[PDB]
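A.B. asks: Need coordinates for the below:
(one chain, ligands or ions: 2)
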Amino acid sequence: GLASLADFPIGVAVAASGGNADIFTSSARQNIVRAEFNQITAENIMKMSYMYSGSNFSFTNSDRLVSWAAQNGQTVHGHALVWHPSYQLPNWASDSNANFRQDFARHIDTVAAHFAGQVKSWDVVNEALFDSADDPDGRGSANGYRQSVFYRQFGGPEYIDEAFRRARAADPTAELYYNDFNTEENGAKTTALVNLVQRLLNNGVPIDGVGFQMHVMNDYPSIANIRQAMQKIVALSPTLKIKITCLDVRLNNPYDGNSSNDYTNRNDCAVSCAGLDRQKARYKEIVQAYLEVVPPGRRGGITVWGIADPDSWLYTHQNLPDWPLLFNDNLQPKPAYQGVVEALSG
Ligand SMILES: O[C@@H]1[C@@H](O)[C@H](O[C@@H]2CO[C@@H](O[C@@H]3CO[C@@H](O[C@@H]4CO[C@@H](O[C@@H]5CO[C@@H](O)[C@H](O)[C@H]5O)[C@H](O)[C@H]4O)[C@H](O)[C@H]3O)[C@H](O)[C@H]2O)OC[C@H]1O
Ligand SMILES: [Ca+2]
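C.D. replies: Numbers count the residues shown, from 1 in each chain. Ligands and ions are numbered 1, 2, ... in the order given. I have put the structure below:
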């Protein structure tokens, strides 16, 4: 499979919350994972609040998943130690909690140590950079940073240095990553990413790599921009690893101001359509760019955000249908799969 063509991790995100995509329930899914990948990231059950039952830590479900990975030839990328969305915020993560810094420290110390020798790498901090298109806190940019509880409670971006230092100490073997989305656009956010990373280096913070989520569209951003944005980070240090963490490719772009080029029916690209062919080229050009811009030895891996199209968080987005992954509705490989195979080979 895919994993056999590369010398760095080729992973996929797995559902584990009941439903058709549940990894423990779908043997067809388990067979794809076993045949094509060598690493898995929990799509949801490893987020912050899932580590607790009320105010006590509860690792039962995540342990079941980590254990399944190990028995099925997969390493595990942890997503994520720190992240802002209220739906997954532990109950202590509040502006009213006077013990915030202590509870924050306990969180990192405990879960990083708990999984110490079973998790290969971690999204230590995820989505700390401000983003004009996703500011639920409503506070605006604080010098490029998103003003989440963590930023507020610590009075600045130092919560980031702390998370990394904390994680490194609890698990000296895990690769520590900063992860985020839109930083491949090569725009404002890319610039902020560069400053954030530079700051961390200057401070001697133990960061091992930078993850690019890569939630792109068939035609945006251009690979020329994706290339550069990756280049800029690669250039900041001689050892920093680059990891594509949540790759997926939408055939529909609802921000282009052209509604005439949108597939609005589930049947449009169920079998064959121009977008599916462009998606083969799109996946290909991206992996190629990764291979050419990131030096061997600095390759953290490429992870696709899901197994089959219907499992995708983008199966439907902006009220439009989409077919974002490598495997279709029937668990058959799509042209996107071939694009990956060709890029990884020759
Ligand atoms: O744990 C996981 C979470 O990490 C994950 O988080 C979501 C990640 O994606 C976020 O949404 C993104 C919002 O920004 C969009 O980009 C816009 C798109 O439009 C661009 O501008 C136009 C593009 O088209 C051209 O034609 C036109 O010329 C351009 O002007 C604009 O510049 C971009 O910034 C991304 O497409 C979205 O992915 C989302 O908010 C996060 O929640 O969610 C899953 C979870 O598992
Ligand atoms: Ca459109």
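
A.B. asks: mind listing the strands for the protein?
C.D. replies: 10-14, 39-42, 52-53, 56-57, 75-83, 121-126, 175-180, 209-212, 215-217, 241-250, 299-304, 316-317, 320-321 (DSSP state E).

A.B. asks: Export these as CSV, with columns for mean neighbour count.
C.D. replies: All C-beta spots, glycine's among them, are computed from the backbone N, C-alpha and C. Shown next, in CSV, are the strands of the chain (neighbours: other CB atoms under 10 Å):
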stretch, mean neighbour count
strand 10-14, 27
strand 39-42, 24
strand 52-53, 13
strand 56-57, 10
strand 75-83, 23
strand 121-126, 27
strand 175-180, 24
strand 209-212, 26
strand 215-217, 21
strand 241-250, 25
strand 299-304, 25
strand 316-317, 14
strand 320-321, 18
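
A.B. asks: okay if I get these as TSV plus distance to residue 285?
C.D. replies: TSV is the format used below for those (distance: least, CB to CB, whole Å):
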stretch	distance to residue 285
strand 10-14	17
strand 39-42	23
strand 52-53	42
strand 56-57	43
strand 75-83	24
strand 121-126	25
strand 175-180	22
strand 209-212	15
strand 215-217	11
strand 241-250	11
strand 299-304	13
strand 316-317	22
strand 320-321	23
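
A.B. asks: all helices of the stretch 51-200 of the chain, in order?
C.D. replies: 60-71, 100-114, 149-154, 158-170, 188-202 (DSSP state H, counting those that start in this stretch).

A.B. asks: so which of the ones you listed comes closest to ligand 2?
C.D. replies: Closest approach to ligand 2 among these is made by helix 188-202 (22.4 Å; CB to the ion).

A.B. asks: What lies in contact with the closest one?
C.D. replies: 128-131, 144-145, 157, 160-161, 164, 178, 180, 182-184, 207, 210, 229, 232-233, 236-237, 240 (CB atoms under 8 Å, 6 or more residues apart in numbering).

A.B. asks: let's go with 6 Å and repeat that
C.D. replies: 129, 144, 182-183, 207, 229, 232, 236 (CB atoms under 6 Å, 6 or more residues apart in numbering).

A.B. asks: Tell me the buried residues in it?
C.D. replies: 188-190, 192-194, 196-197, 200 (16 or more other CB atoms under 10 Å).
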